[PDB]
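Here's a solo chain for you in structure tokens, the form deposited in one PDB entry.
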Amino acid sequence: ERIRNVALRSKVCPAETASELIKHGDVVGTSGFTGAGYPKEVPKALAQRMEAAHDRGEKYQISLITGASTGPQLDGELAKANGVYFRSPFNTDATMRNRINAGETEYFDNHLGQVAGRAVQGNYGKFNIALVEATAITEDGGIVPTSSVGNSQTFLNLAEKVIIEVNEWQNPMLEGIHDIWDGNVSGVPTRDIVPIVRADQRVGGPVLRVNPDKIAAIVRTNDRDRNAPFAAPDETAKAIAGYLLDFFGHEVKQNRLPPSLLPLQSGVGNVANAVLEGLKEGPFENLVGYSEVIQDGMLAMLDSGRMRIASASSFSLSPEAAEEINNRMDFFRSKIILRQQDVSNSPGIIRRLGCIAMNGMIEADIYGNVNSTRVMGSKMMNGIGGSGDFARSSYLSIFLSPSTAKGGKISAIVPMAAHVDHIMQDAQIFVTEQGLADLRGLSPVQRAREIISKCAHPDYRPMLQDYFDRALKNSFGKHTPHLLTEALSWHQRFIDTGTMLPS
């Protein structure tokens, strides 16, 4: 029995009835982070009732605030129903992405570590509903989270009414893996000092806390987390990993990093995951993770023993990896700590621990400004996520990408980024399959020489050098030379012709 508090069993009701607690205009905070631990059955019932209401000519939309990305049962279903008027902070569902890029759902991708604080400040409005997935409800009424923690504790604090989905699909042995801190991380200033001084330090307890009087409904569910698999590292990804591992090796040899490196943060995506695959058989032992997420590769690192322990807010496992950890939860449970996302992504803690940040990117310009989010400057991919949290706060900020995209039709190194998420100051190292650019110490024109020569694809490098050389001659100022008549012209060329390569 998952609901171990006998009194709360009287609150069990159908998902459909529970969804009726959610009214047009409601601000709804949910569990869910990188396709892990989001509610499933209540959103589906909601979505159907929304569609019905729209047909009758009744407005029915909500504001949906999450930990980060969710899954087809939540973002997918509600987007199909046209039922979300505002979404924050991070999405990876294709149907919701389409709503966002069509202007049908309003979207703001906050820094993930800041979302709890902004919610408490009231930036999203009053929380009408918290909808949280649980593994179990303890005898004293504690809510055991599932495969993520995210913002669930904050949403439970803020919400007028609480709906809990108790998901029998989730592993009962997850209980104990979470660390939920009682202190003021994201509340009214002055905030508390968070006493984490080692990446493996537990400072909290295993359950979310909530006043039982606020629980309006408990829904028994049975449905799987769903996420995409990662691309098995190809020649490009392996080349990137090789350059980065060589780099770490040199840093250690020059005594600029310990032999066990520093706590590692590995971002979302295939490239970051391939680096981890490299590290699992690498020359750095006793590694520690202090990350936003644990992807397949990090789990692989724990398995090989190269990494001793990993801190994160969530799992981001492929279907096959997810099945792996559940068969072996007793081996992995002691190697993993799942924290609130305002703690995993705390800039104070990230800087204190000296994290190494490794993140993907859409594109960088020749001066090493980075776009993580908006293709051609206007079309959202996923969101900034915690990449800003970690890039700015880290000891070393590394960005990783194939040098081209769309089968060579796009250069990932451009004259000017069409959108900036990470400024020059927040990016020190760039790696593509062409090589590695170490920008420490360098002015912007010196950054450009390194990025162009080390990272750009041979198809595009002469064009980039041509832009830079002519900018140096003709730019308004020479500190960060640009030709404004053509800075964004490669992007426009792609829009116009389907390729950044001239005819």
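Shifts are known only where both forms have a C-alpha. Residue indices: 1-based, along the sequence shown. If you superpose the two forms and keep the largest set of C-alpha atoms that fall within 1.5 Å, you have the rigid core.
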item: Greater mean Cα temperature factor according to the PDB record, 254-262 or 374-382; value: 254-262
item: Between 489-497 and 16-24 (mean CA B-factor, as deposited), the higher; value: 16-24
item: Identity of residue with top Cα B-factor, from 154, 369, 403, 211; value: 211
item: Of the residues 443, 31, 453, 48, the one carrying the largest Cα B-factor as recorded; value: 48
item: Where the record places residue 59 (Cα B-factor, split into thirds across the chain); value: highest
item: Among modelled residues of the same chain, the CA temperature factor third for residue 305; value: highest
item: Among modelled residues of the same chain, the CA temperature factor third for residue 137; value: highest
item: Entry-reported Cα temperature factor of residue 407, expressed as the chain third it lands in; value: middle
item: Assigned third (lowest, middle, highest) for the C-alpha B factor of residue 426; value: lowest
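There is another form of this protein, the form deposited in another entry, and it is not shown here; the text below is about that form.
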query: From 267, 368, 383, 113, residue displaced between the shown form and the other one - CA threshold 2 Å or more, rigid core; finding: 267
query: Residue 298 C-alpha relocation of at least 2 Å between the shown form and the other one, rigid core basis; finding: yes
query: Segments displaced between the shown form and the other one (3 or more residues, each Cα shift of 2 Å or more, core-superposed); finding: 267-270, 297-301, 303-305
